[PDB]
Amino acid sequence: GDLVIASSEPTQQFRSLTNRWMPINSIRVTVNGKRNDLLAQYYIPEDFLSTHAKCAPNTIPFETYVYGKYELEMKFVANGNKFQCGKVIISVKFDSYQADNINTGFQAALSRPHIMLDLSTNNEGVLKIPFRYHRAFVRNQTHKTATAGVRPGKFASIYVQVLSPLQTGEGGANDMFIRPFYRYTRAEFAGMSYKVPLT
Amino acid sequence: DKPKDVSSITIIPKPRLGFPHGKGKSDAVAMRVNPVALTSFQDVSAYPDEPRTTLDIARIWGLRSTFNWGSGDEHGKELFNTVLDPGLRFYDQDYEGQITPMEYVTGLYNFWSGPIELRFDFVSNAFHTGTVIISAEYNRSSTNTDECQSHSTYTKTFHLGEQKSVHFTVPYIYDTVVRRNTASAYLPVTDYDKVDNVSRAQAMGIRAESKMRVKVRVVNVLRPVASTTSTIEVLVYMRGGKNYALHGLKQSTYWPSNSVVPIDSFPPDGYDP
Amino acid sequence: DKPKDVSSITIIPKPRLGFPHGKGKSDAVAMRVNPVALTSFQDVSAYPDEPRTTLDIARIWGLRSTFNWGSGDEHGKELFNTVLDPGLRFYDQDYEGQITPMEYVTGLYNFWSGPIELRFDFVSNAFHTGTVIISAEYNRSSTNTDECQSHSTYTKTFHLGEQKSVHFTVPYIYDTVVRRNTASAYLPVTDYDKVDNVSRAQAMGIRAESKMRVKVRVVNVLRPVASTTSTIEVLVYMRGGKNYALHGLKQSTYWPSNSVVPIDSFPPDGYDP
Amino acid sequence: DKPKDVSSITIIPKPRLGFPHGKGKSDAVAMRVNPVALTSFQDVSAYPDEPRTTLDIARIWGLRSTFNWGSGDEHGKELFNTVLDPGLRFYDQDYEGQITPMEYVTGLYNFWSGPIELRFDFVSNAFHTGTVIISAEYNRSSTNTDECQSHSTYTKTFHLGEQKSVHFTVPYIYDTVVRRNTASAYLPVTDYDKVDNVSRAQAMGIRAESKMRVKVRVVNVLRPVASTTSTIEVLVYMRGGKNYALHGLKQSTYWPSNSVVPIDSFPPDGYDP
Amino acid sequence: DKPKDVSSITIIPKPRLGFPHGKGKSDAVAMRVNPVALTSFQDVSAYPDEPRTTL
Amino acid sequence: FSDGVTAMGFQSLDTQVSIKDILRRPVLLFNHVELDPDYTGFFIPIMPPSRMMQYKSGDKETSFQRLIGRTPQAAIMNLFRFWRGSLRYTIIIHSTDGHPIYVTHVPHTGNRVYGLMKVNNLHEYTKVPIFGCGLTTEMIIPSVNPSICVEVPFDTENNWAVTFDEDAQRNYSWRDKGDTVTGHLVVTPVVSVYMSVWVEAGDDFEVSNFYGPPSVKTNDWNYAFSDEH
Amino acid sequence: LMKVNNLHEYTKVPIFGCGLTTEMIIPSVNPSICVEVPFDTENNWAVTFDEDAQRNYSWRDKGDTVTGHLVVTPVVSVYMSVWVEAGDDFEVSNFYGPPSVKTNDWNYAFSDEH
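Residue numbers (the entry's author numbering), protein chains in the order written: chain A, 41 to 239; chain B, 1 to 273; chain C, 1 to 273; chain D, 1 to 273; chain E, 1 to 55; chain F, 15 to 243; chain G, 130 to 243.
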């Protein structure tokens, strides 16, 4: 509805570049973790631009375009031995700008759409993350000539937290890892312009 | 021609219309050009997963409490023991944490009824095994030493194995059709004032406490393999039943204390550096 | 007979009816003999060419600006450069001139949207020739030295020849569905009072400026014959698009300063010599 | 049973109803037994010759003026000369006489339009003979010496003979569709107060005078027989046309001065001798 | 368009309605959400042996 | 390039683009002004607000509201010179008392005045009131309802009325001087009491003879911060 | 209560006679009113709350907490009270769930065992 009106020009999709999976840097899950402590948190799509996956082919169209809508999926993979046990919850929070301090609890994680990873069975989790922002579009990149009134590259936050701490047996592995993946299911881009380095 | 108007009626003047009533009719004056013009929701509207009622908020799973269970814990020992009140967590001390949505929204209504579901998830592997029981006691509590008294009440036995979860429905049997909330309907004390029996004497209501109790006991002790952990942890989730009910809007029991700052006029009040 | 009137209703008294509302119902009292008698428009009525809406006023061509173009002006040089805001001409200085009708009437509404057309007429003969480009940049401005950055944005190249005009549609792409006006919605300062940061601190709104820019560059330099002029002039006309929109009535941005005198009572106030 | 009345409406209280309006609806309270009882006109009613409108009062023939015509009066001489205003007889002096009904009732309305008929009756025998003309001049007056200027205007020549009368229609051609009354719409000065330019400066309106003139000239001189009179008299009657119009009720221009005495309480005030 | 409201009526203001009358009509204001919501007697109601009149 | 899709009716179904609907929204003329019973009464010229009623920096201080020029209605009336039809005024008394205030219409006479004024420079108006002369009138009672909405008609000889002139105070021909108004409204009090007057267009109202935007000036930039500190 | 642009006169230049939409209250007739402020802004949704109210972050996103203002203009110094309620056309979305809370209501009441 808001797509066609707000953009005079039609938006473009890059299914070959976007729909493919893409890993990021791993998550260490220790036995030293307590409840409601962050393993990880991400401000999408900025933390898929600047920090993690800089030279990914998924990040090719984000140079040139200055607006877009973003529906993602995020598959997480847990790998621990059968002599451990622990619970990790991952939720999403739409338009989380100036709202990261509050509703950040595991309770809010349960309330918001989430996935529940067991660390013994070694299950996977799929977060269908649609676009819910308080404008028609989100601004893609910051720029030194751009205005400082609008904070770009943040329409949602990911929150990876201990739901229940990891326990191990006698002489067991003291930690196990989780690898996050992501991909774009609906990526529409408006406002073509000259390319820039990503942050 | 200029004929007279013979028609008349007796009228009772009132200041406002539908001021107490949440629905019905309104005396609203639109600050628009067209008085029948309303805000459009043709393009941007509500999302279908979102709740329409406060009961649908009370149908969300929230972590009530957790508790540990070890191989040293003998049979008959009360692992879990509480008063299942959707009103309050405690009758005797301060609370400060992340309350369940059903207890949060129940804190708004004066009256509640219907069954309350518990889902016990067990943080374990497939090599932990041991039997526990779920007891629901009405009109009386049992002695902690005497398991046999608790066995007589409304119970559900679970055998720990491959499935590391169990659903449970706490029923609703009392003398009344609806139970009222234990916490007060109006508390004007805000700044943590030192309270005496004189201040307690002029309370807006009386805390009609409940002696209903939920207990979980050991039937057969957790006998794990040496290769895995001996002491596991249990998640106790909780939500309202599908026939849960609420009534009588009142002041909120709970209120946010985490990262609260009062507003000020932007930007006269020292915002410009 | 004299029977009682049992009928009654609850009523809410109000001072006026349709006082905020531009349309609907009225509480008007006619100062006439016949209360249903209205002013006739049977013989003398509106002319068909006249506008019915304020958008039709915004569909009139008005000269935004002019700029000169010479044979010395090398390729890549920004001939024209501005911020295309229908709100304000400048963000940084006083304006005093003959504003376009679309910017005039946009100065009344708080919100605007839709494409904005530009028509570039060239004051030349058929013996002037040279190529120019029309650039529309969003979310970022380009460096004046770097033409290649501007070529990436939404452009339209024109070859100067026999036709000495070109139509152009500036699109509308932003984060929001509608943009708000940069100028204030209420300014009680009338007598050009010296303004400080304290006075700026208590503004009714904040000037949400736009970084959108319209630039025209030289592709190929104007190479005229010696017989005609070397330096020509360009008229830049401007109006709202056919899908232009306005909303939210507020105090006027612009206000007449040319030949304004206050009224006085005719003819007690020294009119009779 | 005693059910509640849920119906309600917003109302705007007003002191009176149809107070400015001459027709429509009334808020009258009858000082009778039966409130619908009205005064009967079944037996005694209006007479059919009587006027229903004020225009029918303006269709009655009234003597505007008289003037004498003699055998010594040469050709070209203006016999009659005036400004035909239904508003006022004079712009420059006091009037005191028996005004025509059409000028009387026109003195009530602010606006007038339509043709104005004149009927010239001649007080003569069948042995008086001579030719006269009727001139109607707009936008300009003619010189009294120059008859030829008056001949160019809208004229009607009459040959005096057996018929001692002539009907004439003064047309209505002006810049405006309706002309306004020259005399003031409100004059609070009653007791003949000495008026200065300061008092004239604060008038309620401005006397928009007319330069339209009605003149009657000699075409051929009255050549009577010696047996009859040499100097006859002419009656100039006047009324509004059949398409005469009036609009905008205001204070009366004329007011009775002949045999006016104020009332007093009958009979306490010295009536009993 | 913004036409005038020519309709009018004479009214006599009174403070309360059905204040002396035990039945008829009421000027009651419900302290509820739904103004037409009444107290249910679907399950728990009057007993048939009980008197309806004072006679 | 693509013309795209319009945003009319996206937010809400409250369209304010019509000219008459702008003109039908009321404007404050006189804010908290005195009524003196010594004089005949307060006079209001029957004309819509325009550049005529525009306040200037450092001129003679009138009883009018200053920001009338900067209202949308006056801005629209600075595009058209011709207008015809009835107008609606909303008058508010600053009192609760029983003493009524008579509002009396005056049709097109010729003069053009405003404010509290004596008629013909007399020293008595109670015995000879303007509201009991014959003209059309309607009374206000503060104790019942201290507001009113009167509708002054278009009673004049002209097909259109003059909105504005190039100079307000110029002593040109007096017959064409009076085409700025269609008469006056008269407010007559009992005691010295405050009031306020509002103006809006009637249901029957029309404007024509379009001139377009005159020479303007602004300085609104100076009285606001940007969004970059 | 606040001055606009730090002037020392507002009677000659009132905010209610600038051009904006207005409705007047008369205490002598009816001292209450029920106005309906519309949703006139550029955003698909408005921000209810922020993690800190007094934080000096970017000014364009600062203003998304409101959809404008309502103005009350008196004649003399006089008291009032203001009430808020939802319109017929109103909607909420972007559910977060219950934040961290605190209570002490137990302390201000007797039990039903003396």
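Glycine included, every Cβ here is placed at the ideal spot set by N, Cα and C.
Against residue i, what residues of chain G qualify as contacts under a CB-to-CB distance less than 8 angstroms, listed in chain order?
i	result
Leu88 of chain B	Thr232, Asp234 and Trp235
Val189 of chain B	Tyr237
Select from the options the residue whose C-alpha is nearest the C-alpha of residue i.
i	options	result
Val83 of chain B	B:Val234, B:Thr190 and B:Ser142	B:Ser142
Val36 of chain E	B:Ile206, B:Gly24, B:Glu162 and B:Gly70	B:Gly24
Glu138 of chain G	C:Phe80, C:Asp191 and C:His75	C:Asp191
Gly216 of chain F	C:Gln98, C:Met31, C:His167 and C:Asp73	C:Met31
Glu147 of chain D	D:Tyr138, D:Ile133 and D:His159	D:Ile133
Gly70 of chain C	C:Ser230, C:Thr169 and C:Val234	C:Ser230
How would you list, in chain order, the residues of chain F whose beta-carbon sits under 9 angstroms from the beta-carbon of residue i?
i	result
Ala148 of chain A	Per Cβ cutoff of 9 angstroms: no residues; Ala148 of chain A is ~31 angstroms from chain F at best.
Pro160 of chain G	Going along chain F, no residue has its Cβ under 9 angstroms from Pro160 of chain G, so there is no contact; the nearest lies around 12 angstroms.
Counting only Cβ pairs nearer than 8 angstroms, list the residues of chain E close to residue i.
i	result
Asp28 of chain F	Within chain E, no residue comes near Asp28 of chain F; the closest Cβ sits about 15 angstroms away, beyond 8 angstroms.
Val6 of chain D	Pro35 and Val36
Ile173 of chain B	Neighbours of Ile173 of chain B on chain E: none; closest Cβ ~17 angstroms, over 8 angstroms.
In this structure, how does DSSP classify residue i when only helix, strand and coil are distinguished?
i	result
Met204 of chain D	coil
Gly72 of chain F	coil
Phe266 of chain D	coil
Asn236 of chain F	helix
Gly146 of chain F	coil
Verify the CB distance criterion: does residue i have a CB-CB separation below 8 angstroms to chain D?
i	result
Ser26 of chain E	yes
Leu17 of chain C	yes
Mind pulling the chain B residues with CB within less than 8 angstroms of residue i?
i	result
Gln207 of chain A	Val123, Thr229, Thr231, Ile232 and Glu233
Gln25 of chain F	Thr39 and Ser40
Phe224 of chain G	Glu50 and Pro51
Which residues in chain F have a C-beta closer than 8 angstroms to the C-beta of residue i? List them in chain order.
i	result
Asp1 of chain E	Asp217
If you measure from the beta carbon of residue i to each beta carbon in chain B, is any gap under 8 angstroms?
i	result
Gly192 of chain F	no
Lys23 of chain E	no
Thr150 of chain G	yes
List the residues of chain B that residue i touches, going by C-beta distances under 9 angstroms, in chain order.
i	result
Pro20 of chain D	Those within 9 angstroms of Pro20 of chain D in chain B number zero; the least Cβ separation is about 11 angstroms.
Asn141 of chain A	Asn258 and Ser259
Please list, in chain order, the chain A residues whose beta carbon lies closer than 9 angstroms to that of residue i.
i	result
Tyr186 of chain G	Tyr137, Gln138 and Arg191
Within 8 angstroms of any Cβ in chain C, is that where the Cβ of residue i sits?
i	result
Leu55 of chain E	no
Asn110 of chain D	no
Can you list the residues of chain F that residue i reaches, using a CB-CB cut of under 7 angstroms?
i	result
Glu49 of chain A	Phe15 and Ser16
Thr187 of chain A	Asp241 and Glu242
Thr82 of chain C	Going along chain F, no residue has its Cβ under 7 angstroms from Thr82 of chain C, so there is no contact; the nearest lies around 15 angstroms.
Answer yes or no: does any C-beta atom of chain G fall closer than 8 angstroms to that of residue i?
i	result
residue 270 of chain F	Because chain F spans 15 through 243 in this model, residue 270 of chain F falls outside it and cannot be assessed.
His154 of chain A	no
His183 of chain A	no
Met31 of chain B	yes
What residues of chain A sit near residue i, judged by a beta carbon separation below 7 angstroms?
i	result
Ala21 of chain F	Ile45
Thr106 of chain B	Near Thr106 of chain B there are no residues of chain A at all, since even the closest Cβ is about 15 angstroms away, more than 7 angstroms.
How would you list, in chain order, the residues of chain D whose beta-carbon sits under 8 angstroms from the beta-carbon of residue i?
i	result
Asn45 of chain F	Per Cβ cutoff of 8 angstroms: no residues; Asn45 of chain F is ~23 angstroms from chain D at best.
Using a C-beta to C-beta distance shorter than 7 angstroms, which residues of chain C count as neighbours of residue i?
i	result
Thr10 of chain D	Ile12 and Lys14
Show which residues of chain A have a CB atom less than 8 angstroms away from the CB atom of residue i.
i	result
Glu180 of chain G	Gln138, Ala139, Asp140, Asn141 and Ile142
For residue i, go through chain C and note every residue whose CB falls closer than 8 angstroms to its CB, in chain order.
i	result
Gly231 of chain A	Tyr138, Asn139 and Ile173
My guess is that residue i and residue j are in contact by the Cβ rule of under 8 angstroms, so how many angstroms apart are they, rounded?
i	j	result
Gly114 of chain B	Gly241 of chain B	5 angstroms
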